[PDB]
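Q: My questions will all concern the structure given below.
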Amino acid sequence: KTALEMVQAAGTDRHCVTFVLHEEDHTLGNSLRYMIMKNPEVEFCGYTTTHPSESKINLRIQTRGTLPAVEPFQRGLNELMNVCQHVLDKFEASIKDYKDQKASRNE
Amino acid sequence: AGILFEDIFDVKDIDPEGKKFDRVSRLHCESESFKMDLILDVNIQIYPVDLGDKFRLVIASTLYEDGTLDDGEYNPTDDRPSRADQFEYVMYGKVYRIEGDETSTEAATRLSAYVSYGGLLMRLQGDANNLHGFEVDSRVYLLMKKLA
Amino acid sequence: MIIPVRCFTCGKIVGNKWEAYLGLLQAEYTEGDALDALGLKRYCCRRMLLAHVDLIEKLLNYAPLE
Amino acid sequence: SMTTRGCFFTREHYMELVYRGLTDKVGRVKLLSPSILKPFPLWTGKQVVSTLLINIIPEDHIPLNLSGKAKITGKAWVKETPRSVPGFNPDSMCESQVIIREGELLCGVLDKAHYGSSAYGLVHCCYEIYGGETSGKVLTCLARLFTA
Amino acid sequence: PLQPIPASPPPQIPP
Amino acid sequence: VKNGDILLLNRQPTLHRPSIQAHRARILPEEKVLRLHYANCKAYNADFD
Amino acid sequence: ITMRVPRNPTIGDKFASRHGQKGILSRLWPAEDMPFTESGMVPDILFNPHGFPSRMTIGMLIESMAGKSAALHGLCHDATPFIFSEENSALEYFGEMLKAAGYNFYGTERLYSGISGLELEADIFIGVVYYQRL
Amino acid sequence: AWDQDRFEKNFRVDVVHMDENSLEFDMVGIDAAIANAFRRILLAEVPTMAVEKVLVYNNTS
Amino acid sequence: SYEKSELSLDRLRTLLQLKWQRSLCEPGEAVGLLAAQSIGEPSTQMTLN
Amino acid sequence: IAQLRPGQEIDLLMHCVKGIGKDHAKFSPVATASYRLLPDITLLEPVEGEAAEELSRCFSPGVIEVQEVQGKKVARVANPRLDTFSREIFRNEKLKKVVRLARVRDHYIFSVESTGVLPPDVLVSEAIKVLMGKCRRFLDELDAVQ
């Protein structure tokens, strides 16, 4: 029941390896990537969709130094989720603001 | 220090063959000190340039003022005193063809430099010794800064 | 045959405007105004009514009525 | 559309195209350097398509030269009349002739000739001197880039 | 003497 | 058959040497119709109609 | 006995316009992907442009612009041959309509990609083309 | 590079109209490849209920 | 000419001669069928008229 | 749903279930969901004289407010948001450079249209929730593999 799995490159190890998510689209594989990009230690980061009649993508990550890519990967996940959390907070705040306002307007 | 050439420049006429692109202009410019002649392409979108403008030109083989030739690949985070920080315009380059001298020449006066920066063409001509170091397969970094 | 439920291109619910369509017909609007007042803006939903042709009010006559 | 005198991609776009059109089986992927370097590390499409060669022409050998021609004449985008000046000619330093030198295109479009099936083409000559499989790989990968 | 016909071509131009 | 495999094709009537060209194998579920390169039309005098 | 069978357009079946431009059903492509116009609508049939040089098919162009003009204003437009002289051509009168309606004269309109999210520089041409099954 | 607070200083969500079955709100300050993700998730992911099995007794229409 | 050109007037000769010896058709291929098709294609391509 | 004539009848017994919007198309909770980037109309020249007539007709219904500081109409933008890029400015050889049409970089504008299963607010909230939950899934998986 895999939902994330990596195949270790022949050329080197743990600064260029490539990931294989499962069950996905151009949503994650095009938000997550943009998020990883900001990180400055990474050399190459790109994605593809191996197969139209399947739903799994391919993630490629390459880094200057000798630290593996697991670190940029994980920090990217974290960055994105904290972003969404803040966005949702501001969203609902603004929602209830304008709702109570609209009620106040017509009373 | 590796200044392979340097000069000050102001332009005489910008595009003498119509405007037939979107992002480039085909400059025709001349030096005053030495009777060189510069034909160069310059992105006017992200670097507006006019007719009467003056600018100083240099052409380095490395941007380090330690003059060492250590270049693998431009690493974007790095910072240390490079020759760029005084200019306004950078371009990587490659020289691919030098024309003007055919035979065993008794007076090689007119020699030209043909450079194209990844797609923007550049033509400079002049003497045959000032314009030296210019082998084939010879990376240079154009630099430039508009001068009053 | 009978009016389809959800529009083809986008997805709006259009499987109800038909009756009110004939209604605002009897009140004599030029159809442009009728499809306006019925609240349809993007044209890919308007060509779902400006050009439907009903085939059960012309096909029931052969009913095996009793 | 791509390979003509200007189409500027910033970094993330560049890496994107290059990965899309590269039939992931590879391993360690190479790179290039920004053509222009002043404000933001821009690129140019020729730089892009060159990467596909540099990674697709096996590590053993080295890329290759050419100076042939291309279908669109020099006078496809011409305008009325030059500012009457001799010396420069519309004949050389033009965009009608691919001048690939060591696997990095330097001027000129890719027109029908080269990727087309005619004598003296790009996929034409690749096959003669590298083998077959590498020519086929060039064809498929170049097509993928051209769609994406 | 001969007989004429009207000419249709130019139709309603936009509202 | 797997992806490492290859198949053979022919056309009536049989004209020439590129009349039978071999192409690698790859699976694709939602297909009722065969697929081929367009410019390779001159390899089979193809019509596709 | 009289059976009934269902047949739905599968991949590989045919279509056809009203000018011989016979097509075929290539592949299905989820709606989350296709472009979306400025006003949020989503094409449902994509059409390769490489045809019309070497088809002389100008019916498709003029009558697609027509389909849009109609569905916008509300009325049905006539299409009999020999009416529109060289004097007042079809295209000109028939784009004057989209002009006074509010779209671009040449029947094009901007469009956004569906995988990047980025606008596309070169505008796109959209219309409403009658489609017979075969 | 990335920095939370630099961003969070910028983000604001202005609403211009809501009524029943409608909404319109400016998301000024986010990058394309997230807005696209929101639109995709809407048109494809918010689960819903629906009919998927009909049993027939005596259809004579 | 300007003549950077690291190559001698005999490597060139050896090179062209090797390209020749390379370009000869190996034994093995039945040339008769080859000619049969090569006239068969204009036998089919006769149809311009 | 149907239409009958005397003598005919129906008898159904449905069966409802749960699902997502990509497993099928009878699950989209909204009609539309889009975004256009705020257009930004900058007069690279002050437009004047009688241009007002054709400008006001060069654009969307209310954009340029003819303004008469001296009874003489001048133009300025009422709302640059209310336009769809008619681009009907270019057909006049003269007014192709006295204006400028473009986009502000990142000023998206959603617009949601619910069917009625839920009002659009809960929709947006739920969308964000599922994005975040997906990412949590991936992260915790990466954690529990090491």
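Chain lettering (A, B, ...) mirrors the order of the structure tokens, residue numbering begins at 1 for each chain separately, and ligand numbering begins at 1 in order of display.
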Output the contact residues of chain A with respect to chain B at a cut-off of 10 Å, based on only C-alpha atoms, as a count of residues only.
A: 4
Q: Assign secondary structure with DSSP using the backbone only, and return the residues of chain F in strand (DSSP E) as a PDB file with N, CA and C atoms, in the first residue's frame.
A:
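This went into result.pdb:
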```pdb
ATOM      1  N   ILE F   6       9.447  -5.462 -29.181  1.00  0.00           N
ATOM      2  CA  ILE F   6       9.316  -4.758 -30.455  1.00  0.00           C
ATOM      3  C   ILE F   6       8.400  -5.568 -31.368  1.00  0.00           C
ATOM      4  N   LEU F   7       7.684  -4.876 -32.258  1.00  0.00           N
ATOM      5  CA  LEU F   7       6.685  -5.482 -33.135  1.00  0.00           C
ATOM      6  C   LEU F   7       6.965  -5.137 -34.596  1.00  0.00           C
ATOM      7  N   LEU F   8       6.288  -5.841 -35.511  1.00  0.00           N
ATOM      8  CA  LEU F   8       6.493  -5.680 -36.954  1.00  0.00           C
ATOM      9  C   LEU F   8       5.154  -5.396 -37.639  1.00  0.00           C
ATOM     10  N   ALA F  22      10.117  -1.620 -37.813  1.00  0.00           N
ATOM     11  CA  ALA F  22       9.851  -2.110 -36.471  1.00  0.00           C
ATOM     12  C   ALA F  22       9.826  -0.960 -35.472  1.00  0.00           C
ATOM     13  N   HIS F  23       8.953  -1.089 -34.478  1.00  0.00           N
ATOM     14  CA  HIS F  23       8.741  -0.034 -33.499  1.00  0.00           C
ATOM     15  C   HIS F  23       8.607  -0.660 -32.119  1.00  0.00           C
ATOM     16  N   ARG F  24       9.161   0.019 -31.117  1.00  0.00           N
ATOM     17  CA  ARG F  24       9.165  -0.493 -29.754  1.00  0.00           C
ATOM     18  C   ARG F  24       7.745  -0.623 -29.211  1.00  0.00           C
TER      19      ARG F  24
END
```
Q: Within 10 Å of region 77-93 of chain A, counting only C-alpha atoms, which residues qualify if same-chain residues fewer than 6 places away don't, as a PDB file with N, CA, C and O atoms, in the first residue's frame?
A:
```pdb
ATOM      1  N   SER A  31       2.519  22.556  -7.128  1.00  0.00           N
ATOM      2  CA  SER A  31       2.649  23.460  -5.997  1.00  0.00           C
ATOM      3  C   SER A  31       3.886  23.122  -5.173  1.00  0.00           C
ATOM      4  O   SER A  31       4.721  23.992  -4.899  1.00  0.00           O
ATOM      5  N   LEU A  32       4.011  21.856  -4.786  1.00  0.00           N
ATOM      6  CA  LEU A  32       5.167  21.388  -4.035  1.00  0.00           C
ATOM      7  C   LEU A  32       6.462  21.792  -4.703  1.00  0.00           C
ATOM      8  O   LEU A  32       7.406  22.228  -4.040  1.00  0.00           O
ATOM      9  N   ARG A  33       6.537  21.623  -6.017  1.00  0.00           N
ATOM     10  CA  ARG A  33       7.761  21.965  -6.717  1.00  0.00           C
ATOM     11  C   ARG A  33       8.080  23.435  -6.529  1.00  0.00           C
ATOM     12  O   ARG A  33       9.144  23.789  -6.011  1.00  0.00           O
ATOM     13  N   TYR A  34       7.154  24.308  -6.910  1.00  0.00           N
ATOM     14  CA  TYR A  34       7.359  25.734  -6.718  1.00  0.00           C
ATOM     15  C   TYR A  34       7.792  26.043  -5.299  1.00  0.00           C
ATOM     16  O   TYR A  34       8.530  27.001  -5.060  1.00  0.00           O
ATOM     17  N   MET A  35       7.315  25.266  -4.335  1.00  0.00           N
ATOM     18  CA  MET A  35       7.730  25.533  -2.964  1.00  0.00           C
ATOM     19  C   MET A  35       9.185  25.152  -2.740  1.00  0.00           C
ATOM     20  O   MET A  35       9.963  25.967  -2.236  1.00  0.00           O
ATOM     21  N   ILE A  36       9.562  23.927  -3.112  1.00  0.00           N
ATOM     22  CA  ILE A  36      10.953  23.495  -3.012  1.00  0.00           C
ATOM     23  C   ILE A  36      11.887  24.495  -3.659  1.00  0.00           C
ATOM     24  O   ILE A  36      12.944  24.804  -3.105  1.00  0.00           O
TER      25      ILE A  36
ATOM     26  N   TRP H   2      12.839  31.966   0.699  1.00  0.00           N
ATOM     27  CA  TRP H   2      11.533  31.923   1.330  1.00  0.00           C
ATOM     28  C   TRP H   2      11.629  32.514   2.723  1.00  0.00           C
ATOM     29  O   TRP H   2      12.645  32.356   3.404  1.00  0.00           O
ATOM     30  N   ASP H   3      10.576  33.207   3.143  1.00  0.00           N
ATOM     31  CA  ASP H   3      10.515  33.694   4.515  1.00  0.00           C
ATOM     32  C   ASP H   3       9.063  33.978   4.864  1.00  0.00           C
ATOM     33  O   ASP H   3       8.409  34.785   4.196  1.00  0.00           O
ATOM     34  N   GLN H   4       8.581  33.318   5.915  1.00  0.00           N
ATOM     35  CA  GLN H   4       7.174  33.380   6.286  1.00  0.00           C
ATOM     36  C   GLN H   4       6.681  34.816   6.396  1.00  0.00           C
ATOM     37  O   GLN H   4       5.735  35.220   5.712  1.00  0.00           O
ATOM     38  N   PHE H   7       6.209  37.355   3.519  1.00  0.00           N
ATOM     39  CA  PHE H   7       4.955  37.057   2.842  1.00  0.00           C
ATOM     40  C   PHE H   7       3.760  37.531   3.650  1.00  0.00           C
ATOM     41  O   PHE H   7       3.001  38.400   3.204  1.00  0.00           O
ATOM     42  N   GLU H   8       3.583  36.975   4.847  1.00  0.00           N
ATOM     43  CA  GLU H   8       2.363  37.190   5.612  1.00  0.00           C
ATOM     44  C   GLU H   8       2.084  38.660   5.867  1.00  0.00           C
ATOM     45  O   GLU H   8       0.971  39.008   6.267  1.00  0.00           O
ATOM     46  N   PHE H  11      -0.314  39.325   2.169  1.00  0.00           N
ATOM     47  CA  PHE H  11      -1.549  38.614   1.865  1.00  0.00           C
ATOM     48  C   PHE H  11      -2.792  39.323   2.371  1.00  0.00           C
ATOM     49  O   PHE H  11      -2.857  39.703   3.542  1.00  0.00           O
ATOM     50  N   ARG H  12      -3.786  39.501   1.512  1.00  0.00           N
ATOM     51  CA  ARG H  12      -5.079  39.999   1.948  1.00  0.00           C
ATOM     52  C   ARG H  12      -6.173  39.510   1.013  1.00  0.00           C
ATOM     53  O   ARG H  12      -5.956  39.373  -0.191  1.00  0.00           O
ATOM     54  N   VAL H  13      -7.351  39.267   1.581  1.00  0.00           N
ATOM     55  CA  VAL H  13      -8.472  38.642   0.892  1.00  0.00           C
ATOM     56  C   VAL H  13      -9.639  39.616   0.970  1.00  0.00           C
ATOM     57  O   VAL H  13     -10.333  39.697   1.988  1.00  0.00           O
ATOM     58  N   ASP H  14      -9.855  40.374  -0.091  1.00  0.00           N
ATOM     59  CA  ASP H  14     -10.956  41.320  -0.136  1.00  0.00           C
ATOM     60  C   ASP H  14     -12.145  40.684  -0.836  1.00  0.00           C
ATOM     61  O   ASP H  14     -11.996  40.134  -1.929  1.00  0.00           O
ATOM     62  N   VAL H  15     -13.322  40.773  -0.218  1.00  0.00           N
ATOM     63  CA  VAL H  15     -14.559  40.252  -0.793  1.00  0.00           C
ATOM     64  C   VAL H  15     -15.310  41.402  -1.435  1.00  0.00           C
ATOM     65  O   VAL H  15     -15.353  42.506  -0.881  1.00  0.00           O
ATOM     66  N   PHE H  25     -13.911  37.151  -4.574  1.00  0.00           N
ATOM     67  CA  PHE H  25     -12.993  37.645  -3.558  1.00  0.00           C
ATOM     68  C   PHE H  25     -11.571  37.687  -4.083  1.00  0.00           C
ATOM     69  O   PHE H  25     -11.102  36.712  -4.662  1.00  0.00           O
ATOM     70  N   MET H  27      -7.636  37.555  -4.200  1.00  0.00           N
ATOM     71  CA  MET H  27      -6.600  36.826  -3.474  1.00  0.00           C
ATOM     72  C   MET H  27      -5.235  37.455  -3.666  1.00  0.00           C
ATOM     73  O   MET H  27      -4.240  36.762  -3.823  1.00  0.00           O
ATOM     74  N   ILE H  30      -0.653  36.002  -3.838  1.00  0.00           N
ATOM     75  CA  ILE H  30      -0.204  34.622  -3.925  1.00  0.00           C
ATOM     76  C   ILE H  30       0.320  34.375  -5.331  1.00  0.00           C
ATOM     77  O   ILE H  30       0.067  35.143  -6.261  1.00  0.00           O
ATOM     78  N   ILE H  34      -0.328  28.257  -6.961  1.00  0.00           N
ATOM     79  CA  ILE H  34      -1.158  27.886  -5.824  1.00  0.00           C
ATOM     80  C   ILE H  34      -2.617  28.177  -6.153  1.00  0.00           C
ATOM     81  O   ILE H  34      -3.505  27.372  -5.852  1.00  0.00           O
TER      82      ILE H  34
ATOM     83  N   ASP J 121     -18.942  29.384   0.722  1.00  0.00           N
ATOM     84  CA  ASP J 121     -17.939  29.608   1.757  1.00  0.00           C
ATOM     85  C   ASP J 121     -17.413  28.293   2.310  1.00  0.00           C
ATOM     86  O   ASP J 121     -16.192  28.070   2.373  1.00  0.00           O
ATOM     87  N   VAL J 122     -18.319  27.414   2.726  1.00  0.00           N
ATOM     88  CA  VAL J 122     -17.907  26.098   3.190  1.00  0.00           C
ATOM     89  C   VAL J 122     -17.149  25.371   2.094  1.00  0.00           C
ATOM     90  O   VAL J 122     -16.254  24.564   2.367  1.00  0.00           O
ATOM     91  N   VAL J 124     -14.973  26.752  -0.219  1.00  0.00           N
ATOM     92  CA  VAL J 124     -13.579  27.180  -0.207  1.00  0.00           C
ATOM     93  C   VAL J 124     -12.863  26.570   0.986  1.00  0.00           C
ATOM     94  O   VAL J 124     -11.754  26.020   0.863  1.00  0.00           O
ATOM     95  N   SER J 125     -13.494  26.652   2.159  1.00  0.00           N
ATOM     96  CA  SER J 125     -12.865  26.114   3.358  1.00  0.00           C
ATOM     97  C   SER J 125     -12.531  24.638   3.192  1.00  0.00           C
ATOM     98  O   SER J 125     -11.432  24.195   3.546  1.00  0.00           O
ATOM     99  N   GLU J 126     -13.458  23.862   2.636  1.00  0.00           N
ATOM    100  CA  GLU J 126     -13.237  22.428   2.502  1.00  0.00           C
ATOM    101  C   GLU J 126     -12.132  22.125   1.504  1.00  0.00           C
ATOM    102  O   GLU J 126     -11.353  21.180   1.682  1.00  0.00           O
ATOM    103  N   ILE J 128      -9.455  23.955   0.907  1.00  0.00           N
ATOM    104  CA  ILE J 128      -8.186  24.180   1.588  1.00  0.00           C
ATOM    105  C   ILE J 128      -7.897  23.046   2.560  1.00  0.00           C
ATOM    106  O   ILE J 128      -6.767  22.545   2.646  1.00  0.00           O
ATOM    107  N   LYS J 129      -8.923  22.618   3.296  1.00  0.00           N
ATOM    108  CA  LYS J 129      -8.752  21.509   4.224  1.00  0.00           C
ATOM    109  C   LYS J 129      -8.192  20.288   3.521  1.00  0.00           C
ATOM    110  O   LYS J 129      -7.278  19.636   4.029  1.00  0.00           O
ATOM    111  N   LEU J 131      -6.488  20.036   0.729  1.00  0.00           N
ATOM    112  CA  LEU J 131      -5.092  20.218   0.326  1.00  0.00           C
ATOM    113  C   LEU J 131      -4.156  19.951   1.498  1.00  0.00           C
ATOM    114  O   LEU J 131      -3.199  19.160   1.403  1.00  0.00           O
ATOM    115  N   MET J 132      -4.434  20.614   2.617  1.00  0.00           N
ATOM    116  CA  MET J 132      -3.604  20.459   3.801  1.00  0.00           C
ATOM    117  C   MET J 132      -3.560  19.006   4.253  1.00  0.00           C
ATOM    118  O   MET J 132      -2.508  18.499   4.650  1.00  0.00           O
ATOM    119  N   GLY J 133      -4.696  18.318   4.195  1.00  0.00           N
ATOM    120  CA  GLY J 133      -4.728  16.937   4.649  1.00  0.00           C
ATOM    121  C   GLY J 133      -3.925  16.017   3.754  1.00  0.00           C
ATOM    122  O   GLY J 133      -3.257  15.093   4.226  1.00  0.00           O
ATOM    123  N   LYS J 134      -3.981  16.256   2.447  1.00  0.00           N
ATOM    124  CA  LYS J 134      -3.140  15.506   1.524  1.00  0.00           C
ATOM    125  C   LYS J 134      -1.669  15.650   1.889  1.00  0.00           C
ATOM    126  O   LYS J 134      -0.915  14.664   1.958  1.00  0.00           O
ATOM    127  N   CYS J 135      -1.241  16.892   2.119  1.00  0.00           N
ATOM    128  CA  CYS J 135       0.164  17.117   2.436  1.00  0.00           C
ATOM    129  C   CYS J 135       0.547  16.454   3.753  1.00  0.00           C
ATOM    130  O   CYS J 135       1.632  15.874   3.877  1.00  0.00           O
ATOM    131  N   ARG J 136      -0.329  16.535   4.754  1.00  0.00           N
ATOM    132  CA  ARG J 136      -0.078  15.821   6.001  1.00  0.00           C
ATOM    133  C   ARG J 136       0.123  14.339   5.741  1.00  0.00           C
ATOM    134  O   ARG J 136       1.013  13.710   6.320  1.00  0.00           O
ATOM    135  N   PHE J 138       1.238  12.798   3.059  1.00  0.00           N
ATOM    136  CA  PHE J 138       2.544  12.533   2.461  1.00  0.00           C
ATOM    137  C   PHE J 138       3.656  12.654   3.493  1.00  0.00           C
ATOM    138  O   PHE J 138       4.553  11.805   3.566  1.00  0.00           O
ATOM    139  N   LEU J 139       3.607  13.711   4.300  1.00  0.00           N
ATOM    140  CA  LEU J 139       4.665  13.952   5.271  1.00  0.00           C
ATOM    141  C   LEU J 139       4.741  12.832   6.292  1.00  0.00           C
ATOM    142  O   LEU J 139       5.820  12.302   6.567  1.00  0.00           O
TER     143      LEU J 139
END
```
Q: Need the shell around residue 50 (chain C): protein/DNA/RNA residues with any atom at most 12 Å away, counting only C-alpha atoms. Skip same-chain ones fewer than 2 positions apart. Format as a list in words?
A: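 Using only C-alpha atoms, the neighbours found are residues 17, 18, 21, 22, 25, 30, 31, 32, 33, 34, 35, 36, 40, 43, 44, 45, 46, 47, 48, 52 and 53 of chain C; 67, 70, 71, 72, 73, 74, 75 and 76 of chain G.
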Q: Name all residues at most 8 Å from region 12-15 of chain E (count only C-alpha atoms; drop same-chain ones fewer than 4 positions away) and give them as a VMD selection string.
A: chain G and resid 93 96 to 97 100 to 101
Q: Show which residues sit within 8 Å of residue 9 (chain E), as a short mmCIF file (atom, residue, chain, number, x, y, z; two decimals) with C-alpha atoms, in the first residue's frame. Count only C-alpha atoms, and ignore same-chain residues fewer than 4 positions away.
A:
```
data_model
loop_
_atom_site.label_atom_id
_atom_site.label_comp_id
_atom_site.auth_asym_id
_atom_site.auth_seq_id
_atom_site.Cartn_x
_atom_site.Cartn_y
_atom_site.Cartn_z
CA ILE G 83 -25.82 36.81 -51.06
CA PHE G 84 -22.68 38.58 -49.82
CA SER G 85 -20.93 40.31 -52.68
#
```
Q: Check every residue of chain A for an atom within 7 Å of chain D, counting only C-alpha atoms, and provide those that qualify as a PyMOL selection string.
A: chain A and resi 9-11+16+46-48
Q: Keeping only C-alpha atoms, write the selected residues as a CSV table (one decimal), in the first residue's frame.
A:
```csv
chain,number,residue,atom,x,y,z
A,9,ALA,CA,20.1,6.8,-8.6
A,10,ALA,CA,22.9,4.7,-10.0
A,11,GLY,CA,25.2,7.7,-10.7
A,16,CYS,CA,20.2,13.7,-7.0
A,46,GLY,CA,11.5,19.2,-11.8
A,47,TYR,CA,8.5,16.9,-12.2
A,48,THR,CA,6.7,14.8,-14.9
```
Q: Tell me, as a list in words, which residues lie within 8 Å of region 43-53 of chain H, counting only C-alpha atoms; anything in the same chain fewer than 4 positions away does not count.
A: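 Once the nearby chain positions are removed, what remains is residues 32 of chain G; 39 of chain H; 14, 15, 16, 17, 18, 19, 20, 21, 22, 26, 27, 28, 29, 30, 32, 33, 117, 123, 126, 127 and 130 of chain J.
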Q: Please produce a file of those selected residues containing C-alpha atoms, as a compact mmCIF listing (two decimals), in the first residue's frame.
A:
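This is the output file part_21.txt:
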```
# COMPACT_ATOMS: atom_id res chain seq x y z
CA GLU G 32 -9.62 20.04 -14.77
CA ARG H 39 -9.28 26.00 -8.67
CA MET J 14 -32.77 4.78 -5.90
CA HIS J 15 -29.55 4.19 -3.97
CA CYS J 16 -27.37 7.12 -2.94
CA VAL J 17 -23.63 7.00 -2.27
CA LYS J 18 -20.60 9.23 -1.64
CA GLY J 19 -17.80 10.13 -4.02
CA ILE J 20 -15.46 12.75 -5.44
CA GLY J 21 -15.43 15.07 -8.41
CA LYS J 22 -12.83 13.27 -10.52
CA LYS J 26 -22.00 14.24 -11.43
CA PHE J 27 -20.03 15.41 -8.41
CA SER J 28 -18.81 18.94 -9.23
CA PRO J 29 -20.18 20.98 -6.34
CA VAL J 30 -19.85 24.13 -8.42
CA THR J 32 -17.74 27.44 -12.44
CA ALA J 33 -14.48 28.28 -10.69
CA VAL J 117 -25.18 21.26 -1.95
CA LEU J 123 -16.73 25.06 -0.27
CA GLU J 126 -13.24 22.43 2.50
CA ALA J 127 -10.98 22.73 -0.52
CA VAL J 130 -8.28 18.71 1.74
```
Q: Would you give me, as a tab-separated table, each residue of chain G having an atom within 10 Å of an atom of chain H, along with its shortest atom pair and that distance in Å to one decimal, using only C-alpha atoms and sorting by chain and residue number?
A:
```
residue	atom	partner	partner_atom	distance
G:30	CA	H:44	CA	9.7
G:31	CA	H:43	CA	8.5
G:32	CA	H:40	CA	5.9
G:33	CA	H:40	CA	8.4
G:113	CA	H:36	CA	9.8
G:114	CA	H:36	CA	8.0
G:115	CA	H:36	CA	7.9
G:116	CA	H:33	CA	6.8
G:117	CA	H:36	CA	5.5
G:118	CA	H:32	CA	7.0
G:119	CA	H:32	CA	10.0
```
Q: Can you work out which residues from chain H touch chain C at a cut-off of 12 Å (counting only C-alpha atoms) and hand them back as a count of residues only?
A: 4
Q: Record the distance separating CA of residue 19 (chain F) and CA of residue 14 (chain G), expressed in Å with one decimal.
A: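 Separation between CA of residue 19 (chain F) and CA of residue 14 (chain G): 27.4 Å.
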Q: Select, from A:27, A:12, A:106, A:39, the residue with the minimum atom-to-atom distance to chain J, counting only C-alpha atoms.
A: A:27
Q: Run DSSP on the backbone and tell me which residues of region 1-64 of chain C come out as alpha helix (DSSP H); list them as a PyMOL selection string.
A: chain C and resi 17-26+31-37+43-46
Q: Could you list the residues in chain F lying within 8 Å of chain G, using only C-alpha atoms, and format the result as a PDB file with N, CA and C atoms, in the first residue's frame?
A:
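Written file, out35.pdb:
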```
ATOM      1  N   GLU F  30      -6.721   2.966 -22.726  1.00  0.00           N
ATOM      2  CA  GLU F  30      -7.837   3.543 -23.478  1.00  0.00           C
ATOM      3  C   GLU F  30      -7.425   3.774 -24.935  1.00  0.00           C
ATOM      4  N   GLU F  31      -7.396   2.667 -25.678  1.00  0.00           N
ATOM      5  CA  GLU F  31      -7.182   2.710 -27.126  1.00  0.00           C
ATOM      6  C   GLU F  31      -8.085   1.690 -27.802  1.00  0.00           C
ATOM      7  N   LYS F  32      -8.856   2.141 -28.790  1.00  0.00           N
ATOM      8  CA  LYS F  32      -9.532   1.261 -29.730  1.00  0.00           C
ATOM      9  C   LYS F  32      -8.856   1.284 -31.102  1.00  0.00           C
ATOM     10  N   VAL F  33      -7.889   2.176 -31.300  1.00  0.00           N
ATOM     11  CA  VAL F  33      -7.298   2.424 -32.608  1.00  0.00           C
ATOM     12  C   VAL F  33      -5.783   2.486 -32.455  1.00  0.00           C
TER      13      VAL F  33
END
```
Q: Nearest residue to chain E out of G:69, G:48, G:108, G:132, using only C-alpha atoms?
A: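 Among the listed residues, the smallest separation from chain E belongs to G:69.
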